[PDB]
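One letter stands for each residue in the lines below.
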Amino acid sequence: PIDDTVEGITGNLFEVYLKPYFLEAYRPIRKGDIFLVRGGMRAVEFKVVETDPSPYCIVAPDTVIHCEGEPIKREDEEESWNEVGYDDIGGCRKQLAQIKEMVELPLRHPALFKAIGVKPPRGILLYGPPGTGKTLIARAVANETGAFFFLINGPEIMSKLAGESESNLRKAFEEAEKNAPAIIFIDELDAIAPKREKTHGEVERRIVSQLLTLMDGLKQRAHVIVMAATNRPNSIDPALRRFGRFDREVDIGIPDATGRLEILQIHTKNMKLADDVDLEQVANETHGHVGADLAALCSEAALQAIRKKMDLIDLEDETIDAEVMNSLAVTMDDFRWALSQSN
Amino acid sequence: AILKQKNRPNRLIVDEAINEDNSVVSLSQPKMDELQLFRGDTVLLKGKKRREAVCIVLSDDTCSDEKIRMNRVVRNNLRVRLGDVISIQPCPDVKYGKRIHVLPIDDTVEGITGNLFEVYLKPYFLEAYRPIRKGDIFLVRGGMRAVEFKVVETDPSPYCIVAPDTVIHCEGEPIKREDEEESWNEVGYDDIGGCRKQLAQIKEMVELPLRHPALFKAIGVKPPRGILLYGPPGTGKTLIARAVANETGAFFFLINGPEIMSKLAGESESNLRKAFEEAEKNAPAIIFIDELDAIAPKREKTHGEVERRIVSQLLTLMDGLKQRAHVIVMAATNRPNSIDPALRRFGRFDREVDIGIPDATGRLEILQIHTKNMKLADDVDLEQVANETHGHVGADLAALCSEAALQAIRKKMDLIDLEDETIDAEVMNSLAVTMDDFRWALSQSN
Amino acid sequence: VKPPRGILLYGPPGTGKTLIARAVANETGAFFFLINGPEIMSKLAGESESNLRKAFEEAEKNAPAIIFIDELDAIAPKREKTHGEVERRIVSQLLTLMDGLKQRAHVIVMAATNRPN
Ligand SMILES: Nc1ncnc2c1ncn2[C@@H]1O[C@H](COP(=O)(O)OP(=O)(O)O)[C@@H](O)[C@H]1O
Ligand SMILES: Nc1ncnc2c1ncn2[C@@H]1O[C@H](COP(=O)(O)OP(=O)(O)O)[C@@H](O)[C@H]1O
Ligand SMILES: Nc1ncnc2c1ncn2[C@@H]1O[C@H](COP(=O)(O)OP(=O)(O)O)[C@@H](O)[C@H]1O
């Protein structure tokens, strides 16, 4: 096992995870592979450290599986446990395909731009209501392209004494440059760069100004894309749209029925769902909901299902166990219960 | 092998009292049948930390089969919270006591003079045949307060029935309140009325995080971490948060909105961060933010840049909450529109509860809570009071109950001063609050 | 039981609100501490707040006591009519002290203003 992926799990991991993964699947595997198994409301990772015959084989009913040894450290090994990817994003294929194509050359073929005199986009603005996956998108793109990611949180910047706010912005831009190819994501940009109509006082003006200066200095630091998120165009300072600052915009709207379904599948992929769970129904009835609503919904049904079973658990003096967690089905009733609350 | 049945039928989930008495527990009739217990039997209850208690069992027609209704006194004696499990068995062993020793808990009798013991203990035990256990702490109400006693010795030991013939000894050093686990002056769900649905929601919301925290190191699901309570002033939002902390055994840290804003800048922000660090170090914990709109108003209604910094500092701390296990932040305000809508983002205040104004039945319940330490004359009709206080909230009715108690005391202070009289436990406990006293309070304007 | 701890007197100027508070102190043998609204606000910030807290500490040490706040609206106006952040701090300091009053026996705070609004 990879250590961090099994922290907080107790019981026979190996029985609980490995058996249903391999059972009658005849998976071919290679020495050195890392693989991911889902269940018990989490995901677990294992390394294949040895195989016989070597260095590959099929894992068949007769194949014995040894798990004794020192757990593998997650830092020594290149895997994606808990790293957001495009497979973690649903319901917005077109816009993700645009962002992809936009950052392809700069992030994946950076050395190109020392050879040619064309300017890549350097600033992309993502619009859409809250909970629509704008942070997730930026992170996914960094991970999926191997780029460095630096998050700037809008509120965090503004929570500082003046000069500190400005020093922290500049530090962010210096760091992305030193680790480039890099994406700088500015969460809640409108906290930092509102319009002049809605500005109050002069530290606030200084800080929008500092941001625009840094955006203008971006063409001089290769190969940094700045992505930034806000509720709508009208919030923010329109000077941010100037050529060579945020010169590209993407509208991340609200998912439709098919997108919601996809979102629900993503947010239930670590769960055991009973046969009566009809995610298509759930998707059909959640009109107007966004990705954060449906993740909240999935968490709420999982937790209702656990509360049901904690009583029975405490009645028999039971401790919570990998076996317990993995056998525990979330049912349609659990989802119906979450769908019927108001909050 | 060393066997013992698992899934025993005498293990029950503890649930709230409907009948408020220190000596009674309630099961469902089918459970009693199954366990061969009968109405009025003595039962021995086992809880956490090897604690035991003795009680009278009754049938309740709303108790679920797997549950037991017990009041807060008994729970503390057992070291259980609502939702924990106990075991129950017959105790037909229990004899009329020859003698018992009790001591008062010190803070609970500070400021009372006269024969406490006569005034409190006699009416508590008189012809009630209460079973009691050595080590029990119990609460007695009267004379506009509540008093606590420990049972330090019993004969026969370690339990008996307190019967007419039972002698009660009270000489000794008073017990210190710090050495002892009881709820004098601690707000609980029994101190809250008229909002059952919303309290049941909050309960279920915080159940797993506060009561089963180790769960969340095992699973990758996110619990709610921020709950916002809406409703007019005086509606018990602070009381609710406190009750939930107490009833779940969680640490409570109150942040007062005005107090934060009364500081020099940087201090306000340092004080917020300190609050969040403290709750983390003592977690499971609830942070309650009283008058949140003092701290995090909307940008339309902001004035200047220390005020922006301070909303910003709060949102940053809320975002850091997923990194500090297992802290719920509850916060209170007059309505959604007051506050900064960035507080509603996923992973900040992602749950809202509307604590509205109680109805007639809720008011009645509120009035009963706020008169439980008083002697009320027979003519006191709390249902009338409840019917006529349309639109009032919990703070209005508590004020009303205080105002009637005080009017009743002013009536009697004159007669008291006419005879050179000093105020006494005896005086306070015999002093009835009457309907006239409540009618008088109902007829003022303030 | 909780006694009232704060009483607000409304009415036009010249209607004897200061006189009433003083009369009540004298007639009950209570200590009287007058806080003048304008006087508080005439100070550097921090001083205004220190002076409020000092007033409340003094009434507590000499209790039973009445604190009378003359021209309260100089000190604690509505948020619509507030200007700037020393003014917010000072209303805030007052509300904090009022909340601390249940912890200091036996202090009534009386305060005077032209109207609720
Ligand atoms: N399109 C989506 N697919 C899957 N999950 C999503 C999607 N949109 C939002 N979510 C979920 O809801 C959460 C809201 O996250 P976030 O990316 O912070 O929203 P935003 O940046 O737009 O406020 C995400 O972390 C993810 O869990
Ligand atoms: N639902 C209720 N049940 C019993 N008492 C209540 C209720 N609501 C308010 N009160 C009483 O009125 C007081 C008002 O308290 P508080 O909880 O500070 O109100 P809020 O937080 O909504 O302003 C409480 O301390 C309690 O004495
Ligand atoms: N009801 C009253 N009876 C007698 N004198 C009064 C009355 N009201 C006001 N005055 C007189 O007018 C003065 C105005 O005083 P003050 O109490 O400062 O008014 P306020 O506090 O309402 O501004 C008093 O000092 C007293 O001389």
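Residues numbered from 1 in each chain as written, not as in the entry; some residues may be left out. Chains lettered and ligands numbered in written order. Part of a larger assembly, values for the part shown. Heavy atoms only, no water.

(A) Local environment of the overall build of chain B. For chain B, the helix and strand inventory stands at 14 helices and 19 strands. Relative to its length of 446 residues, chain B is compact, with a C-alpha radius of gyration of 24 Å against a globular reference of 22 Å. Taking the principal axes of its C-alpha atoms as reference, chain B extends roughly 80 × 75 × 40 Å. Taken over 446 residues, chain B has a buried fraction of 54%. (Helix = DSSP H or I, 4+ residues; strand = E, 2+ residues; numbered from the N terminus. Rg over C-alpha atoms; globule rule 2.2 N^0.38 Å. Buried < 20%, exposed > 50% of the residue type's maximum accessible area, 1.4 Å probe, protein only.)

(B) Seen up close, the interface of chain A and chain B. Facing the 46 residues of chain A at the interface are 38 residues of chain B. Taken over both partners, the interface formed by chain A and chain B buries close to 3600 Å², and the fraction arising from carbon and sulfur atoms is 54%. Counting the contacts that link chain A with chain B gives five salt bridges. A salt bridge links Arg308 of chain B to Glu204 of chain A; its shortest N-O distance comes to 3.5 Å. (Contact = heavy atoms within 4.5 Å. Buried area = accessible area lost by both parts, 1.4 Å probe. Salt bridge = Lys/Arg side-chain N within 4 Å of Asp/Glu carboxyl O.)

(C) The arrangement of the pattern of salt bridges in detail. Residue and element names in this part refer to chain A. What the rule picks out here adds up to 49 salt bridges over all chains. Note that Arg307 is salt-bridged to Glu300, the shortest N-O span being 3.3 Å. The exposure class of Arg307 is buried, given its relative accessible area of 12%. With relative accessibility at 9%, the residue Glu300 sits in the buried group.

(D) Representation of the domain arrangement of chain B within the structure. Residue and element names in this part refer to chain B. One can read the domain layout of chain B as domain 1 (7-93), domain 2 (95-171), domain 3 (185-356) and domain 4 (358-446). Centre-to-centre separation of domain 1 and domain 2, based on C-alpha positions: 22 Å. Summed over both sides, the interface between domain 1 and domain 2 buries roughly 1200 Å², with carbon and sulfur atoms accounting for 46% of that surface. Linking domain 1 to domain 2 there are three salt bridges. The closest approach of N and O atoms between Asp21 and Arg130, which form a salt bridge, is 2.9 Å. Counting across the interface, domain 1 meets domain 2 through eight residue pairs in polar contact. If you list the elements that add at least two residues to the side of domain 1 that touches domain 2, you get β4 (52-59) and α2 (72-78). For the side of domain 1 that touches domain 2, a count of residues per class yields six nonpolar, four polar and five charged. (Domains from an automatic or database assignment. Polar contact = N/O pair within 3.5 Å; in protein donor to acceptor, adjacent residues only side chain to side chain. Nonpolar A, V, L, I, M, F, W, Y, C, P; charged D, E, K, R; others polar.)

(E) Focus on the interface of chain C and chain B. Listed as interface residues are 16 residues of chain C and, on the opposing side, 21 residues of chain B. Carbon and sulfur atoms make up 52% of the area that chain C and chain B hide from each other, which totals about 1500 Å². Its largest share of buried area at the contact with chain B, chain C owes to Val1, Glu85 and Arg88 of chain C, together 41% of the area lost on that side. Run the count over chain C and chain B and you get two salt bridges. At the junction of chain C with chain B, the criterion picks out seven residue pairs in polar contact.

(F) Structural context of the packing of helix α3 (residues 47-61) of chain C against helix α4 (residues 85-99) of chain C. Residue and element names in this part refer to chain C. At their nearest, the axes of α3 and α4 sit 10 Å apart, and the two run at 15 degrees to each other. Put simply, α3 runs roughly parallel to α4. Viewed along their axes, α3 and α4 form a crossing whose handedness is right-handed. Residues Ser48, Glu49, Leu52, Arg53 and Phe56 of α3 form the contact with α4, whose participating residues are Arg89, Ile90, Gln93, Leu94, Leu97 and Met98. Residue classes in the contact of α3 with α4 are distributed as six nonpolar, two polar and three charged. (Axes fitted to C-alpha atoms, helices over the stretch in contact; angles between N-to-C directions. Parallel < 35°, antiparallel > 145°, perpendicular 65-115°, else oblique. Left-handed = near helix turned anticlockwise from the far one by under 90°.)

(G) Broad picture of the site of ligand 2. All names here are of chain B. Residues in contact with ligand 2 amount to 13 residues; listed here are only the nearest, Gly193, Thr235, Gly236, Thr238 and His370. In this structure, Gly193 approaches ligand 2 through a main-chain N or O atom, which is 2.8 Å from a nitrogen atom. Note that an oxygen atom of ligand 2 is positioned 3.0 Å from one of the backbone N or O atoms of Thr235. Taken by itself ligand 2 offers 560 Å² of open surface, and the protein chains cover 78% of this. For the shell around ligand 2, the element with the most residues is helix α6 (residues 237-248), which contributes three residues. Of the domains in this structure, domain 3 (185-356) and domain 4 (358-446) are the two that each give at least three residues to the shell around ligand 2. (Near = heavy atom within 4 Å. Areas by Shrake-Rupley, 256 points an atom, 1.4 Å probe, with all protein chains shown as cover.)

(H) Region of interest: the sheet that holds strand β4 (residues 107-113) of chain C. Residue and element names in this part refer to chain C. Pairing is parallel in the open sheet, where four strands are placed in the order β1-β4-β3-β2. With one partner strand each, in any of the chains shown, β1 (6-10) and β2 (31-36) form the two edges of the open sheet. Geometrically, the sheet is characterised by an average inter-axis angle of 20 degrees between neighbouring strands, direction not taken into account. Helix α1 (residues 17-28) contacts β1, β2, β3 (65-70) and β4 of the sheet and is inclined by roughly 170 degrees relative to β3. (Pairing = 2+ DSSP bridges.)

(I) Representation of the site of ligand 1. Residues in contact with ligand 1 amount to 14 residues; listed here are only the nearest, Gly90, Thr132, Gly133 and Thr135 of chain A together with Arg345 of chain B. Each of chains A and B places residues next to ligand 1. Separating a nitrogen atom of ligand 1 from a backbone N or O atom of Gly90 of chain A is a distance of 2.8 Å. One of the backbone nitrogen or oxygen atoms of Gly133 of chain A is found 3.0 Å away from an oxygen atom of ligand 1. Within the complex, 86% of the 560 Å² of free accessible area of ligand 1 lies under protein. Secondary structure elements with two or more residues in the shell around ligand 1: α4 (134-145), α8 (257-268) and α10 (291-315) of chain A. Considering each element in turn, the shell around ligand 1 owes the most residues, three residues, to α4 of chain A. Considering only residue class, the shell around ligand 1 consists of four nonpolar, seven polar and three charged. Here the shell around ligand 1 spans two domains, and each of domain 2 (82-253) and domain 3 (255-343) of chain A adds at least three residues to it.

(J) Broad picture of the packing of aromatic side chains. Following the criterion strictly, the structure yields 11 aromatic pairs over all chains and no others. Consider the rings of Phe14 of chain A and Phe46 of chain A, whose centres lie 6.5 Å apart with planes at 50 degrees: the pair is tilted. Separated by 32 residues along the polypeptide, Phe14 of chain A in helix α1 (residues 13-22) and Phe46 of chain A in strand β3 (residues 42-47) bring together distant segments of the chain. On the numbers, 4.9 Å between centres and 65 degrees between planes, the contact of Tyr124 of chain B with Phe125 of chain B is edge-to-face. Taking the relative accessible area as the measure of exposure, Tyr124 of chain B reaches 11% and is therefore buried. The ring of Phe243 of chain A carries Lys219 of chain A above its face, with NZ or CZ at 5.4 Å from the centroid. (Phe/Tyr/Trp six-rings, centres within 6.5 Å; stacked < 30°, edge-to-face > 60°. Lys NZ or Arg CZ within 6 Å of the ring centre and 35° of its normal.)

(K) Representation of the arrangement of the chains. If you rank the two pairs of chains in contact by how many contacts each has, first place goes to chains A and B. At the level of C-alpha atoms, the two units chain A and chain C stay apart, their nearest approach being 12 Å.

(L) View of the packing of helix α2 (residues 93-108) of chain A against α4 of chain A. Residues and elements named next belong to chain A. Where α2 contacts α4, the two axes come as close as 11 Å, and the packing angle between them is 40 degrees. The orientation of α2 relative to α4 falls into the category oblique. Taken as a pair, α2 and α4 cross one another with a handedness that is right-handed. Contact with α2, carried on its side by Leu96, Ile99, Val103, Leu107 and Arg108, involves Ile137, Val141 and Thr145 of α4 and no other residues of that element. Residue classes in the contact of α2 with α4 are distributed as six nonpolar, one polar and one charged.

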